[PDB]
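Labels below follow one simple rule: chain letters A, B, ... track the order of the sequence lines, proteins then strands, and each chain is numbered from 1. Just follow the structure's listing: the first ligand is 1, and inside any ligand the first atom is 1. What's counted below: heavy atoms across the whole structure, side chains too, no hydrogens, waters or symmetry copies.
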Amino acid sequence: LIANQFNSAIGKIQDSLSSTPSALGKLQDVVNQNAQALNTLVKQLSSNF
Amino acid sequence: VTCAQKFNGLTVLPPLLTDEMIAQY
Amino acid sequence: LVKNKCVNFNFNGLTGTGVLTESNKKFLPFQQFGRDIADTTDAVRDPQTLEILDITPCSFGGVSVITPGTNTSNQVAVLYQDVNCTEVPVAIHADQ
Ligand SMILES: *[C@@H]1O[C@H](CO)[C@@H](O)[C@H](O)[C@H]1NC(C)=O
Ligand SMILES: *[C@@H]1O[C@H](CO)[C@@H](O)[C@H](O)[C@H]1NC(C)=O
Ligand SMILES: *[C@@H]1O[C@H](CO)[C@@H](O)[C@H](O)[C@H]1NC(C)=O
């Protein structure tokens with residue numbers, strides 16, 4: 001019973017990760033923050049100052 | 001989780017541990 | 001016109017610097033320049049041949065010197081970051 005429960009839990013993790021797109025929110029947020037900082041740094045060259 | 005052609009002095013240094021090595025860990 | 005070689009191009013007084021390559025971007029008749037996010041010219045239309053050329057800058061990168069201690073040894077190794085090995089500066093070009 002415990003082995004079956006463990007296997008089913010792993011399968012449910014598989015399914016939830018596959019279906020829900022926002023599961024990996026933290027890593028995607030870090031990547032987006034870094035990319036946005038780089039994009040702002042690039043765009044700052046367009047200003048006259 | 002989802003090379004940029006930035007030529008204004010910006011570069012991305014590759015990580016020392018490749019994804020294969022992290023997977024091996 | 002010189003293509004595929006890093007040149008100090010001067011298109012109608014643009015006085016830029018980079019290597020010129022054939023571009024597939026279709027400029028509208030009323031526009032002669034193409035900028036980017038940093039408001040730097042990316043594509044230009046040749047004032048004579050009326051062709052569109054991409055301005056990408058010359059191959060640039062950092063230089064990292066891999067060395068042991070000077071008290072340990074004297075030989076060093078040079079790393080050219082994000083630069084293909086086929087790039088060969090025969091003449092003096094910035095570092096070393
Ligand atoms: C002379 O001017 C015409 C008109 O724009 C142009 O098409 C032609 O290419 C020019 N000559 C040369 C050698 O580029
Ligand atoms: C490092 O330098 C010091 C002083 O120059 C020297 O005494 C020492 O032996 C050196 N280290 C090695 C490993 O040679
Ligand atoms: C370097 O150039 C060669 C041939 O021009 C190519 O096969 C190789 O993938 C290139 N390497 C990089 C890192 O772009």
- Query: With a 4.0 Å cut-off, strictly under, does atom 2 (O) of ligand 3 pick up any protein heavy atom?
  - Reply: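 Within 4.0 Å of atom 2 (O) of ligand 3, protein heavy atoms are found.
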- Verify atom 6 (C) of ligand 1: protein non-hydrogen atom under 4.0 angstrom away: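 Under the 4.0 Å cut-off, atom 6 (C) of ligand 1 does have protein heavy-atom neighbours.
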- Task: Looking only at distances, please establish whether an N/O atom of ligand 3 is found under 3.5 Å from an N/O atom of C:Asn84.
- Result: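 Yes, there is a polar N/O contact under 3.5 Å.
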- Protein contact to atom 13 (C) of ligand 2 [nearest heavy atom, distance to 0.1 Å]: C:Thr72 OG1, 4.1 Å
- Message: Give me the residue, atom name and distance of the protein heavy atom closest to atom 8 (C) of ligand 2.
- Response: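 Answer for atom 8 (C) of ligand 2: C:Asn71 ND2, 3.8 Å.
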- Message: Distance check, rounded to the nearest 0.5 Å: C:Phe11 atom CZ versus C:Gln48 atom CD?
- Response: 9.5 Å
- Atoms of ligand 1 close to C:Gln48 [distance to a heavy atom under 4.0 angstrom, numbered from 1]: 6 (C), 7 (O), 8 (C), 9 (O), 10 (C), 11 (N), 12 (C), 14 (O)
- If you group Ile, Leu, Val, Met, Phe, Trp and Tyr by side-chain heavy-atom gaps below 4.5 Å, do C:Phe33 and C:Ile55 land in one group? yes
- Query: Are A:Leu27 and A:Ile13 linked, directly or through other ILVMFWY residues, by side chains that come within less than 4.5 angstrom of each other?
  - Reply: yes
- Item | A:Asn32 and A:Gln28 side chains, donor-acceptor separation under 3.5 Å | yes
- Query: Crowded around C:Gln75 CD? As in, over 12 foreign heavy atoms under 6.0 Å?
  - Reply: no
